[PDB]
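Understanding the architecture of this molecule
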Amino acid sequence: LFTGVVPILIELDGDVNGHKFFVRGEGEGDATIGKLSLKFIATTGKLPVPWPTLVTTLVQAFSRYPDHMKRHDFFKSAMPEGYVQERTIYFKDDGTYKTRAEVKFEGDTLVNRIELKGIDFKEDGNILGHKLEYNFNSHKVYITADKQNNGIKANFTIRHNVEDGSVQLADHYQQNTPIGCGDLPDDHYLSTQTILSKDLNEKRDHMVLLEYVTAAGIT
Amino acid sequence: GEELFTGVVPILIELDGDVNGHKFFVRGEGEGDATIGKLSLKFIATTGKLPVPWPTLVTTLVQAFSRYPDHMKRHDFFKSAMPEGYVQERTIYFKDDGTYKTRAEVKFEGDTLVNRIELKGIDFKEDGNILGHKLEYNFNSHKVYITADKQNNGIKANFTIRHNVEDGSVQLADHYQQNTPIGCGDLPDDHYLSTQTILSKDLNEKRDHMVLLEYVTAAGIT
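The record names X-ray crystallography as the way this model was obtained, at a resolution of 2.625 Å.

Section: the overall build of chain B
In terms of helices and strands, chain B carries 0 helices and 11 strands. Here the C-alpha radius of gyration of chain B, 17 Å, is about what a compact globule of 222 residues would show, namely 17 Å. Taken along the three principal axes of its C-alpha coordinates, chain B extends 45 × 35 × 30 Å. Looking at chain B as a whole, 49% of its 222 residues are labelled buried. Accessible surface for chain B amounts to roughly 11,000 Å². Of this, 47% is attributable to carbon and sulfur atoms. Across chain B, the mean location of the 25 positive side-chain charges is 1 Å away from that of the 33 negative side-chain charges.

What to know about the pairing of strand 10 (residues 191-200) of chain B
Residue and element names in this part refer to chain B. Burial along strand 10 is one-sided: the face carrying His191, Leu193, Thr195, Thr197 and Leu199 is buried and the face carrying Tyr192, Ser194, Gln196, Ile198 and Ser200 is not. Examined bridge by bridge, strand 7 (residues 143-149) and strand 10 share 4 bridges and lie antiparallel to one another. Within the sheet, the bridge partner assigned to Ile146 lies in strand 10 and is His191. Pairing geometry for strand 10 and strand 11 (residues 209-219), over 9 bridges, is antiparallel. Residue pairing in the sheet places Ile198 in a bridge with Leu213 of strand 11.

Re the sheet that holds strand 2 (residues 22-33) of chain B
All names here are of chain B. Around the barrel, 11 strands lie side by side as 1-2-3-11-10-7-8-9-4-5-6; this closed barrel has mixed pairing. Strand-to-strand twist of the sheet, defined as the mean angle between neighbouring strand axes without regard to direction, takes the value 20°. Sheet topology places strand 8 (residues 154-164) next to strand 9 (residues 170-181); 10 bridges connect them, and they run antiparallel. Residue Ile155 lies in a different strand from strand 9, and its bridge partner there is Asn179.

Details of the pairing of strand 9 (residues 167-178) of chain A
Residues and elements named next belong to chain A. Two strands pair when backbone bridges link them, and strand 4 (residues 83-91) and strand 9 are joined in this way by 9 bridges, in the antiparallel orientation. Considered in strand 9, the bridge of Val84 is made with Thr177. With antiparallel pairing between neighbouring strands as the criterion, strand 8 (residues 151-161) and strand 9 make up a hairpin whose turn holds 5 residues, including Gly165 at a positive phi of roughly 100°.

Quick word on the sheet that holds strand 4 of chain A
Residue and element names in this part refer to chain A. Within the closed barrel, the 11 strands sit side by side as 1-2-3-11-10-7-8-9-4-5-6. Their pairing is mixed. Taking each pair of neighbouring strands and ignoring which way they run, the sheet shows an average axis angle of 20°. The pairing of strand 7 (residues 140-146) with strand 8 spans 5 bridges and is classified as antiparallel. Bridge pairing in strand 8 links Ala145 to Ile152.

Here we look at the packing of aromatic side chains
Taken as a whole, this structure holds 20 aromatic pairs over all chains when the rule is applied. Measuring from ring centre to ring centre gives 5.1 Å for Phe91 of chain A and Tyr97 of chain A, while their planes differ by 75°; the resulting arrangement is edge-to-face. What makes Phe91 of chain A buried here is its relative accessible area of 2%. Aromatic side chains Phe5 of chain B and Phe108 of chain B sit 5.5 Å apart centroid to centroid with 65° between the ring planes, which places their arrangement in the edge-to-face category. The residues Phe5 of chain B and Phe108 of chain B share a single accessibility class, namely buried. One aromatic cluster is present, built from ring pairs that chain together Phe2, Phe62 and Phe105 of chain A.

Focus: the nonpolar core
Ranked by size, the top nonpolar core spans 55 residues in total, and within it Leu58 and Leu110 of chain A carry the most contacts. Broken down by element, this core gets its largest block of residues, 5 residues, from strand 1 (residues 6-16) of chain A. Look past the residues within four positions of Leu110 of chain A in its chain and what remains in contact with it is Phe2, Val6, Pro7, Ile8, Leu9, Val59, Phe62, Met79, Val103, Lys104 and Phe105 of chain A. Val9, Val19, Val52 and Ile161 of chain B belong to the second largest nonpolar core, which has 54 residues in total.

Structural notes on the environment of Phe94 of chain B
Residue and element names in this part refer to chain B. Tracing the backbone shows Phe94 in strand 4 (residues 86-94). Note: C-alpha distance between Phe94 and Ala173 (79 residues apart in sequence) is 4.3 Å. Contacts of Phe94, omitting those with residues within four sequence positions, involve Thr56, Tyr100, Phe124, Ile130, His163, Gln171, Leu172 and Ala173.

Focus: unusual backbone geometry
The peptide bond linking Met79 of chain A to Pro80 of chain A adopts the cis configuration, its omega dihedral lying at 5°. When you line up the elements, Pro80 of chain A lands in the loop between helix 1 (74-77) and strand 4. With an omega of 5°, the peptide bond running from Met82 of chain B to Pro83 of chain B counts as cis. With respect to the helices and strands, the residue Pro83 of chain B is situated in the loop between strand 3 (38-44) and strand 4. With a phi angle near 75°, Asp108 of chain A is a residue other than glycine that sits in the positive phi range. With respect to the secondary-structure elements, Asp108 of chain A resides in the loop between strand 5 (96-105) and strand 6 (110-119).

Calculation criteria
Residues numbered from 1 in each chain as written, not as in the entry; some residues may be left out. Chains lettered and ligands numbered in written order. Heavy atoms only, no water. Helix = DSSP H or I, 4+ residues; strand = E, 2+ residues; numbered from the N terminus. Rg over C-alpha atoms; globule rule 2.2 N^0.38 Å. Buried < 20%, exposed > 50% of the residue type's maximum accessible area, 1.4 Å probe, protein only. Areas by Shrake-Rupley, 256 points an atom, 1.4 Å probe, with all protein chains shown as cover. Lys, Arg positive; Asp, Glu negative; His and termini not counted. Charge placed at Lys NZ, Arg CZ, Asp CG, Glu CD. Pairing = 2+ DSSP bridges. Axes fitted to C-alpha atoms, helices over the stretch in contact; angles between N-to-C directions. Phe/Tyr/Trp six-rings, centres within 6.5 Å; stacked < 30°, edge-to-face > 60°. Core = buried A, V, L, I, M, F, W, Y, C linked by side-chain atoms within 4.5 Å. Contact = heavy atoms within 4.5 Å.

Printed below as a string of structure tokens:
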């Protein structure tokens, strides 16, 4: 299903401390090279939170899994039926995001529909204060199987560069479960790289995003 | 699958109903015992007097609770879908009168088995046997013929309910039925379920309602 360039749709219904917002995203994926390229408009206006905080929420199916690791690619093993990403994200010394999402195929374009709730965020902390750089670090997403639920778990800690020279940590807890019935992997990780830019012909608050991700951790 | 019915089980049934634009709801409560194939249940019509005879709703209002003898326990699809559940769709043609189409979901929820039903009815003659309320408060005894459905990984079923009419006539209702599993986990040889059913009331129940006792057993293979 990923043997070539695939279309992407993403929708995010968001609420953080009572500030509701919506985000639509469009673009393409190419799992043979692990490339994602997309543009995200915030249709409800200026966001109440930094764009970087939404990156992990806004298609790990498009990770390049080398031929020697193709038996460990749970994400693709679930398609077209799809899977469900739930996350809990703890921002150190600040609030929490809880997210539920569905990642399905829908007529030759892969879709990611997300609900997000955010609570206990300090006003004039790093998130509500809008104090994060327009950057995204490069991480490693550790994956382990979940026999019980017939899927996988995952843990990682996003480092968000802050405008003051500091860094802002966000701890991630993640469960993926298949939507249908039909690969449960050995421990490994996904190493990530991500660039954030704008589009000067675009009046609306938005975010252009390029990303490369590859699986590793087994010889 | 079969282990879930090794003893008396609680029952919940809900029916969202519409016949010729008359909407109604019905709630049912009681118990099942598949070891002997017994159901006893009481049904309240929470929206008021029904626009149709209670007997016409019996088949719609739990074939998992059929007694399947030990020599036939490999042919019990109904239990071979639980706890996940299954989906019963029917089309019911009342001869020289209207049609019922019904969709239902039969799942376990905790430890009580639940049956949630949607029902739509069309083309019913006003002052026919159904809208006229001309059926006896009875229920005959039938045989429900079952065959496998390889294609959809479930079963089909046909039978014809005979409804006694107050003028000594019988009112036929032809039944067409499909059941498909909700989860991913028995497809039977041809056989039938033979049925018996008594309808009574409950004094001290002011609302329109129906008490029901039923015994069902599988057969048709040596």
